[PDB]
């Protein structure tokens, strides 16, 4: 007799319902990504896997708008690639500065504290962005080696302007690391042209691939910082000197990269390349304008008061006065099979979040969620 018996719960067939995911992530998968999902396995070091890896690197270079050879995939979902960036870039005692205008800057600060950096934060209210003047004041005061700036603040629905920030940092002998998890593919970014030194994103937002892999790129200035270190990064597996070899970034090793995740990412990148970035950005702007018109018509208010900093991909809507937000979210799910979310970090209990991400950024999906919200407002209990 075995200690632990076969779980009865596993004897039932796996079933996943069909829903429209209009929250902050994960997004619905595009047909090409769906098709990729049941492809057979091949060996990690085989000719065809090496070709798929090179095509993925080219695709990431295209979406990021970078020529950086140190551009690759790391395991992990959401914003966890910040750990890969920080573990490599920061040594104990290094001065680090964050744009803490939501949960992401705060999280970067927490990680940097854990590895022994001297952590400094420019704290702003949720719903605000950073000006060049504010960042220059932070650089002057703290003299950081690295600035962390969030492009798409998915906890607050904020899009951060990127022009001029990289060169401002360079004037202070500081590198610029950008988080574009919630913005990449939906908002204009030109990594090399904007002087961004390190950037990461995820597969599950605009890219419409399954969660679990992240995209990261380091320029040679950033690689120079890593090679100047007194000590090896705390993580062997996310050490850029190991990852670079694995991904053939220096003219290759043994490793277990996630094969099926690579097939899906390859297809997601192919779809963006075929549409072209300009069309992808226009499509998100167009979907968001239509959503913002419906929200205004329903009398719902925006959490972000300045229209110019509203993130096209994820909109923060102030919870309507008198309602329980959980009833609105549950009503939309039960009656329309649409997933929307509440808040995150500083916006917990304060907002609804609606995401219009890649394949889902259509005026048709906007009409579906607008209808669902209208019905929720007339039927959910009010005070």
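Positions refer to the first chain, counted from 1.
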**Item:** Missing from the model but present in the deposited sequence, between residue 251 and residue 252
**Value:** 1 to 3
**Item:** Mean temperature factor over C-alpha atoms, higher-scoring stretch between 32-40 and 55-63
**Value:** 32-40
**Prompt:** Would 76-84 or 94-102 have the larger average of its C-alpha temperature factors, as given in the entry?
**Reply:** 76-84
**Complete:** Highest CA B factor of 300, 111, 277, 207, as deposited, is found at 300
**Message:** Per the entry's Cα B factor values, which of 228, 268, 257, 288 stands out as the maximum?
**Reply:** 257
**Fill in**
Of the three thirds of the chain ranked by Cα temperature factor, residue 144 occupies the lowest
**Request:** For residue 344, return the chain-relative third of its C-alpha B-factor as stated in the PDB record: lowest, middle or highest.
**Result:** middle
**Asked** Going by the entry, which third of its chain does the Cα temperature factor of residue 234 land in?
**Response** middle
**Request:** Can you work out whether the C-alpha temperature factor of residue 350 puts it in the lowest, middle or highest third of the chain?
**Result:** middle
**Fill in**
Of the three thirds of Cα B-factor ranks in this chain, residue 318 occupies the middle
